[PDB]
Each structure stands twice: as C-alpha cells, then as structure tokens.
C-alpha cells in the first residue's frame, strides 16, 4: 500500500525532476517563503610551508611564508563583486605562530600535514544562493592567459557539467568509524590537573587542552561531507582535497576576516527564551565572552586606527543546535601600510583554542600535549586576489591522511575545572562530527 525512496536533496531539484520525468499530467506545487558556495579547480600555483621551507610549485623560495603568499596572491588592479573573486584557498596550521612567537619545542607530528598549504586559483565557480545564480569564472590573474584560452577553459567546464557522474543517485556511503583515543583517559586527566595547578599558582588564567582521536578510514569521505553540510550548516563548510590528504570541516567560529580594509572578529563564547536569560546571567559565562571581546578589541586595535575600533553588536544571544553561545562583532579600519597577513598574525590562534595569557598558555600547551596540533586550532579559508580574506578557526575539522581519519577537540581549563568533566567534554565535542 506504500513504497518510498529517499533521495538526498543535493543531487536533484524540483526543476530537474520536472524536466526529466516522463509521466503524464505533471504538476508542481511549491511553498517558498545559504549565502555562497565556492568551488575551485586547476590551480595555477601550490604554495606550501613544511619542515621550515617555503615552496612554490616545488621550488624553494627564500621568503617569509605569509609575506610571500600575500605578494603572490594580491593583484592591485583586480576587482570583483563576488565573495572570493580568485586567489588562494587552504589553511594555516596552529604551529605557524611559532614563526612569530617563542612557544617552545613542538611535539612529535603523528599526522604530517604541512604547516601551511594553499592552492592559487583563477578557475572557479561561485554559487550565489540568494540570487540562485551560478558564476562560472575563468580569469587571467596569475597566468596572463589570452581571452581565447579563457573561453576554451570555460567551454570545457560547461561540457563537463552537462554529463552526470555515474553515482549521482547512489545512497550515501557513510560507514561509521571506530575512533580510538591517542592518549589514555587518565593521562589527559593528569594534564588537566597539571594545568589547573599552574592556574592556581598564578601561572595563567585559562589553558585549552585537547585530545586527538583517529580511525581507519571506511566509506566515502565526500559522502561524509554531503551529510555534514546537511547536519551542521555553519558559516564555514569546506572539503579540501590536497591529493594525499583531505580536510573536511564545519567550523562555526570565524577567526578573522578582512573586507575592503575593515578587519572583523566575531567572538563566540518559551524553552527557547528560558536558557537564554539564564545565559545572560551566569557571571562566569558572560565574563568568558567579555574576555574574548576584549581580546578582539586589542588584536584589531594593534593593527588599526585606534579610534576606529567599534563593538557594533555586543553580547547578543545566538542559539545553535547542540550548544548555546553569546555573540559579538568587533570591527576596525586596517592601517594603510598593513594587509590581511597582519590581521592573520594578530589573531592566530584564537583565544578559545589557546588561553589567557595567550603566549604563556601556548608554552604550557606544548609542555602537556604530546602531539603537534597541525591543522587543528589553526585557520581555514581563503585569501582573495583583492586582498580580502575570510578565515575560520580550525575546530570541528577532520583530517584524512595515512588511511586514517583524525578529529580533535579542546577544553578550556580554569581554576575550578573537574578533570573528569573536561575529559568528557573533549570526547563529546571531538566526536559530534562523527554522526
């Protein structure tokens, strides 16, 4: 009396269904009371920093990695009204900050990602979801390609788009992973204890300690991304294929953005309204948030005209679908001699993945953690050829490499932390992606 097939929503629209269906007397009835997606391919350059050496398409470059990246990416005469408009897409690892601060000896790397990896693109698509328009772009920013070459590349992309992938309607290959901890539960609780005691002795105020977990990869990584973007709609979704490793994530927390010379940070730290007014109390949670707002005011203030720093939205309440947070917006006008790289260096890594005071907390983290953080707790996003930039904090991010899947999550240790609670908080956060 009933038969049903469920199709995932990302491979069929009601228009496509109507055009393809061959049945009689077809009718459509709809109720219609997502911002941008960037897809990039065929990069002109790979820019990578690993083992203390800077590479461009395999050639050694004797330059600072961030100064070189900006110099190669930024095109003064280039303008565009799309969010990305060409440029670099990639990440900056947590450990990049060791080039600019003395954080001590970096522990053993059990994953092996480079400290920085960007691809540089002049061939890309931008989905303007609000306008329901797709911009397929071939540009000559980095190659000086002829207009004839742009048109050929564009025609080839369009011909590929007409041809269906053979597996478009197969069900998602979401085999679940068996994640194993990288440290003993009791060893993490001892680390929490050590950090807690330092905080009591006046060494610092807060220290984010993290645990890593990993599993032998099973199933399809891209299908995990397809499911992730339905179950975790964040301001940042990303699937980066670097060839021998992939980065897949749904970070809800921006690290920093630069847009037309403006630097912005977004501090994040009746049953609806119930826990809402409770959250606006709790002098511990508001103090947490205020502390992050003030960190953003100072970070932006160091690189801006000092009287341009504005808190434009303050401790308003934003309710996600697994946890609740207080939200604010801090903005300033970048000084004329500085660039997005200075915005990156001023904020990396976020206070919520390091601690306060940040430098002391970072030294303590690497006296306690036994694995180099790598991608985790760094910055992920793009640097546009316009010099605009948008970077997410690399939390809620999975690394696929060495035939394993790595996830990692931290907890802010304070003076009254309970080690067992923070072990639990850490494994729940790290594995909430895994669903």
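Positions refer to the first chain, counted from 1.
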* Unresolved deposited residues in the interval that joins residue 33 and residue 34 -> 4 to 9
* Asked: Per the entry, how many residues of the deposited chain go unmodelled between residue 269 and residue 270: none, 1 to 3, 4 to 9, or 10 or more?
  -> 4 to 9
* Of 351-359 and 85-93, the one with larger mean CA B-factor -> 351-359
* To do: Would you mind comparing 15-23 and 412-420 for me and telling me which has the higher average C-alpha temperature factor in the entry?
  => 412-420
* Just grab whichever of 232, 310, 265, 214 has the top CA B-factor as deposited. => 232
* Asked: Taking the Cα B-factors listed in the entry, which of 328, 277, 153, 339 comes out highest?
  -> 277
* To do: Classify residue 117 as lowest, middle or highest third according to the C-alpha B-factor given in the PDB entry, relative to its own chain.
  => lowest
* Looking at the C-alpha B-factor of residue 46, is it in the lowest, middle or highest third of its chain? -> lowest
* **Chain thirds of CA B-factor: placement of residue 390** => lowest
* Asked: When the modelled residues of the chain are sorted by Cα temperature factor, does residue 289 land in the lowest, middle or highest third?
  -> highest
* **Record-listed C-alpha B factor of residue 252: chain third** => middle
